[PDB]
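J.: Next one to model:
(2 chains, ligands or ions: 10)
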Protein chains: 2
Amino acid sequence: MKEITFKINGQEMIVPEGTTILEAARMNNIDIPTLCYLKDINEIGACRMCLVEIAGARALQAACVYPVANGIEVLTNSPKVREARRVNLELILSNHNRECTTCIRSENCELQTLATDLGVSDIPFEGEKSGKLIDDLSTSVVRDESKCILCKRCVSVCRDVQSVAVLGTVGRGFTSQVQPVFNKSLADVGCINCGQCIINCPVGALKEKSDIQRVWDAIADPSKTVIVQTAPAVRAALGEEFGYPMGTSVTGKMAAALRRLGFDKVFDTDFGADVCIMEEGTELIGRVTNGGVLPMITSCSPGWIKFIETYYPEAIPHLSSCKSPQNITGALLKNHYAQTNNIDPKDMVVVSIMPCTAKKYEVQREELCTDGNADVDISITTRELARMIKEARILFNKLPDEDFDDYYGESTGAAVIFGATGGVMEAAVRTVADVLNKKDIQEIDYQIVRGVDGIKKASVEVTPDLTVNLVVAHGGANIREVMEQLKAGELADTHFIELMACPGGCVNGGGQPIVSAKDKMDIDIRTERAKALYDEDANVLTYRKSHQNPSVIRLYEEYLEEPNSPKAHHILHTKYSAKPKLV
Amino acid sequence: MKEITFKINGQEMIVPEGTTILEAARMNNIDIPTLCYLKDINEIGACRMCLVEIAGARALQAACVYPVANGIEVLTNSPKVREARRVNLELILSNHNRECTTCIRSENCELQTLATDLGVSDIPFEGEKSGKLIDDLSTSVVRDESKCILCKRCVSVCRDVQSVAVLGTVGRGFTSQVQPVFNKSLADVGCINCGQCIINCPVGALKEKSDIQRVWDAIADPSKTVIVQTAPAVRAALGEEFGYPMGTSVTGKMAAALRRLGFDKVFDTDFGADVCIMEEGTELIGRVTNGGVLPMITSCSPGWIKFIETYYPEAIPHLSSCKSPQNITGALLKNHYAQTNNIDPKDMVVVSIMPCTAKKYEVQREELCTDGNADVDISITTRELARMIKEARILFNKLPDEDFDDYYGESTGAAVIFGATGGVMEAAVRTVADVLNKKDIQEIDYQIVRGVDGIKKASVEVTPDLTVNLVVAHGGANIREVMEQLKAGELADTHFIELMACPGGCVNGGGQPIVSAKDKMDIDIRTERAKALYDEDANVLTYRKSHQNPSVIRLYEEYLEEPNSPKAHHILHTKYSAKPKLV
Ligand code: SF4
Ligand code: SF4
Ligand code: SF4
Ligand code: SF4
Ligand code: SF4
Ligand code: SF4
Ligand code: SF4
Ligand code: SF4
Ligand code: FES
Ligand code: FES
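T.: Residues are numbered from 1 along each chain as shown, chains lettered A, B, ... in the order given. Ligands and ions are numbered 1, 2, ... in the order given. The coordinates are given below.
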């Protein structure tokens, strides 16, 4: 490690080799504007915002990608720098459609914050913006080309982080635009509905498919009763919308606010989640005792199973036949609650507040229906629920707390930890150990693989006669790596591999509220969300295990008999088919 | 008091007579959109944004000015209400220029918040705007009629609370615009530079005169050294810009930030304020001992003295020849500091940070010059200081603290109370009692006059042979009332009256940062600012009395000789002439 000495603006510093002047000034309490810069993701120098005077330099240099050097002098407040920033913002703003009353981003468009910050009132230079081509055809992602700034963040994210890379650049000059391949639509190619591309864009050129009109139409029907259900991870970040500090639980406030909307029933996805935990435990027991297809993987997140269908069909024996916890609880409410309440199943409308955006495509699937009836009707993301609350506009900061409904709102901590990565797998191994060997484990040690961060390996003795190999995976690149190893066959001994496309778990999902870059250089939002969720876990004083909850025991005794029954297979078990690829 | 029962949205409530529905919903934790409503100021129903359904009503009614009645039923989320709100936003935005990148208000324009809140899709209803012209001619206030939406808050403020009313409405249809009288400019009529009209406008149609370009030109000069001057009320509300809670002191942080800006010298006005208090007290003693013109009034705030010379020339003999504390400090730096430092008086540039906007007109006055030299050069408000430091872009939330330079940065609590209501006169009577009778008083009981709030009276025995009558006034209507009473001669026995043009004192001045009506309904920002300033006063552990400060004693002994000297009169005392009126 080499030590570099540099002198800026009255202060000298020693830094390691590879240091950039930007985060060096950040550490030394100086801020420089950023558009195209992301920490360790997009470092190319296309933004052309961050100019600083360099001693001995013919012209200005961009501080974003500028490596430090020894003995240099840097001054950041010359008149040339200010004039260059003003003129360059005037140039770049002549393309972005200036009707900022109606952008979804609106208040936190980083371009708008820069525009106000530089105080550049006038725009002397006119122009002819590029062609307006609204791609309002796909299922989840909507693109608008009248806004895009060629920041290149979206393409870098979809190339590196997700290892999919269905976006590229075409043309030259004004003809240069970001497009999918073959001039098709997003849904016509192998897009995974990752949600990272829509969350990382600093302008609002991308938006999600809005179904709030359908929601208002559904709630407007007196003949239709509404069943709303909640994720464990909605209270992980929603408080950030209302100016609350990171890590606030508003669960009772959320229930009260949803009741003020006039929803007939409020409920949690937790109960069916415990049901499917019992499920995967049951076919674990079966595949152990019958030599089932191994290694086993879950079927929780729609995104990566979509990826497996699209790209690697050869692992289709390895998937779990179970349907998603969303799908489990949706079918459960549409059947058992309907039987108890003696109401026509078409007379219920079920709405879900989930953070994945891939569920928008997942609900559109033909085969996720029971008895020809829709298990769930409308799925919505956290951001658009927030805007629904804002258009209703109840002062959220003074709500009291409320409880959930019988029976399917009850909670357990091992099912609270669904929000973080591997909590599903933790609950599964804890429950199967409790069932088979009466073993009381709370946490599992994880082996961090050298050179790859985000992949986690574990192996704990479930029974003295059977030690189960455990692998955790989040991040599309990690999925690609572990799938390549699985095709190579070196994971033959492995038993469970848990996968989601979105890195860091659902707290880092596509439906989570938008955050800027500044807080990302400060604090990992994943870390604070995980701490808040784990603190919520430690406070669950009713049950830390799913199989001990009296509600799931009641349902199993009365209506579900045992898992892997013919009724259980017919209602909760499904098959998947490979999808045609257009790549 | 009559009790009214009303049943809204599933809950019944009792209110006193005259309690309209909006605050009834507010205390019941329900919010309704407001544009044209202000608490106790503007109740007219022009906005037509706050529509709510009423049982048995042919059409919708505006909740803003709708009185409650017994046995009514109110529904707030019918589809009719939503469609009406959406169409009225679509209509009203068709006139407001949609160039929201470069409004001064920008981020916190209430129209932007409403536009995002209602989630308006597009504006199909095109056309042309009203005729436009920018009156970029007045000294302080700048108008842009292309933006304004006929909220009528500005005209109500300038009519009621200021008792000036130089704004009105003209024309029919599109020709209906708010304008001054006789198609003139703002500076051509009896405008007082109140600043309330600037602070209260919820759209950004009004702004202050910007001189940041002159500031950057001045600081760019190496041949000119810069001395910056701070008012005590600057840190009363600066923190609100950076997301800090109400009542945060960043004084040392401000000193550090200013030093990072390249200012050569920093100084606090408390020294000159103490000198002015001594001069006023010496004039007190002289007019008592020589039968001077009574009652005594200050000459502190430029606004009200502008009002007096413009409207009531008969009060000139009752006025005090002393200049404003910032002006006296500027002259002192122009003469005594120049003598000590042996630097040519034109080679200094002095910039002042005032919460008044009337100082912009005040510095333009030709009579306020010493020896043909400009006492102070540039004055800027707190808001544009925030803008200049934001574009300077140092991360203000992690700055350490710094001290002020000698001998003119030292402070006393008697000068800390300068910004608060009545503190100047408090310090004056405390110091004169200390000088003449060695009387130790910390606070004086005040008589609140019945029927008028903001007019404040006291009479405590300064000496057993002389009790001084004490009156404090803030608010243009209160100024008008006390001036009318003075002309009637009812205040013959009175000795001191304070006149602050902006209501509530300079802590509520035009230079303070913009706040929204949501802030104004629940809490008075004046109250929290006064509490912060008084807590700062209680922590002043160096001196609670001006005349015990060694710095003022040194300057009086070495350079100022005795107060009310011929040199003191020639340097610190001035005459005012009546200005022609065009009303
Ligand atoms: S980039 Fe989009 S959100 Fe930002 S100011 Fe422009 S239109 Fe508004
Ligand atoms: S969406 Fe547009 S602005 Fe955002 S990264 Fe992609 S190309 Fe750049
Ligand atoms: S959804 Fe995923 S695959 Fe599709 S463009 Fe975005 S990041 Fe790429
Ligand atoms: S992290 Fe969450 S949103 Fe992302 S794929 Fe997994 S379950 Fe879906
Ligand atoms: S009213 Fe002014 S500040 Fe508000 S959006 Fe329009 S232009 Fe921008
Ligand atoms: S400044 Fe103009 S737009 Fe604002 S309230 Fe007054 S008249 Fe209406
Ligand atoms: S500065 Fe004062 S007098 Fe002039 S328009 Fe504003 S409120 Fe009225
Ligand atoms: S109250 Fe304050 S801001 Fe208003 S005129 Fe007086 S000193 Fe200036
Ligand atoms: S912000 Fe520095 S090059 Fe992008
Ligand atoms: S807020 Fe203006 S009419 Fe009600």
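J.: Do a quick rundown of the helices in the stretch 1-150 of chain A.
T.: Remark: helices assigned in the stretch 1-150 of chain A by DSSP state H, counting those that start in this stretch are A:21-27, A:79-93, A:110-118.
J.: Just say which of those is most tucked in.
T.: helix A:110-118 (a mean of 21; mean count of other Cβ atoms under 10 Å in any protein chain shown). The C-beta positions use only the backbone N, C-alpha and C, and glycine is treated the same way.
J.: Let's see that helix as PDB, backbone CA atoms only.
T.: C-alpha atoms of helix A:110-118 as PDB (Å, rounded to 0.1, in the frame of the first residue of the first chain):
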ATOM      1  CA  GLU A 110     -31.000  15.100  -8.600                       C
ATOM      2  CA  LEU A 111     -30.900  17.200 -11.800                       C
ATOM      3  CA  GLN A 112     -33.500  19.500 -10.200                       C
ATOM      4  CA  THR A 113     -31.400  19.800  -7.000                       C
ATOM      5  CA  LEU A 114     -28.400  20.700  -9.100                       C
ATOM      6  CA  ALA A 115     -30.400  23.200 -11.100                       C
ATOM      7  CA  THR A 116     -31.600  25.000  -8.000                       C
ATOM      8  CA  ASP A 117     -28.200  24.700  -6.300                       C
ATOM      9  CA  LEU A 118     -26.300  26.400  -9.100                       C
END
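J.: any idea how far residue A:254 is from residue A:230?
T.: Distance, residue A:254 to residue A:230, by Cβ to Cβ, to the nearest Å: 7 Å.
J.: repeat for residue A:209
T.: With the distance defined as Cβ to Cβ, residue A:209 ends up 21 Å from residue A:230.
J.: Which one's more surrounded, those two?
T.: More crowded of residue A:209 and residue A:230, by other Cβ atoms under 10 Å in any protein chain shown: residue A:230, with 22 against 16.
J.: what's near enough to touch the more buried one?
T.: A:254, A:266-269, A:353 (Cβ atoms under 8 Å, 6 or more residues apart in numbering or on different chains).
J.: Determine which two of those residues are furthest apart.
T.: By the measure Cβ to Cβ, A:254 and A:269 form the most distant pair in those, at 13.7 Å.
J.: Check the burial of residue A:437 by counting its neighbours.
T.: Quick note: residue A:437 (other Cβ under 10 Å) scores 14 neighbours.
J.: check contacts around it.
T.: Per Cβ under 8 Å, 6+ apart, neighbours of residue A:437: A:462-464.
J.: Out of the helices of the stretch 1-150 of chain A, flag the one nearest ligand 9.
T.: Of all the helices of the stretch 1-150 of chain A, helix A:21-27 sits nearest to ligand 9, with 6.7 Å by Cβ to the nearest ligand atom.
J.: Just want the residue of the stretch 351-500 of chain A that's nearest ligand 2.
T.: residue A:357 (15.4 Å).
J.: I'd assumed residue A:197 was in contact with that residue.
T.: No. The criterion here is Cβ atoms under 8 Å, and residue A:357 misses it with residue A:197 at 10.2 Å.
J.: Can you check which residues contact both of the two?
T.: The contact sets of residue A:357 and residue A:197 overlap at residue A:141 (Cβ under 8 Å, 6+ apart).
J.: Just give the nearest non-adjacent residue to the one residue in chain A that gets nearest to ligand 10, would you?
T.: When scored by Cβ to the nearest ligand atom, chain A has residue A:393 as its residue closest to ligand 10, at 13.2 Å. In space, and not counting its chain neighbours, residue A:393 is closest to residue B:31: 4.8 Å by Cβ to Cβ, 6 or more residues apart in numbering or on different chains.
J.: What is the neighbour count of that neighbour?
T.: Residue B:31: 17 neighbours (other Cβ under 10 Å).
J.: which ones are touching residue A:356?
T.: Taking Cβ under 8 Å, 6+ apart, we find residue A:356 in contact with A:193, A:195, A:301-303, A:362, A:502, A:506, A:509-511.
J.: Of all residues in the stretch 101-250 of chain A, which one is closest to ligand 4?
T.: For the stretch 101-250 of chain A, Cβ to the nearest ligand atom, closest residue to ligand 4: residue A:195, 6.6 Å.
J.: Alright, calling it a day.
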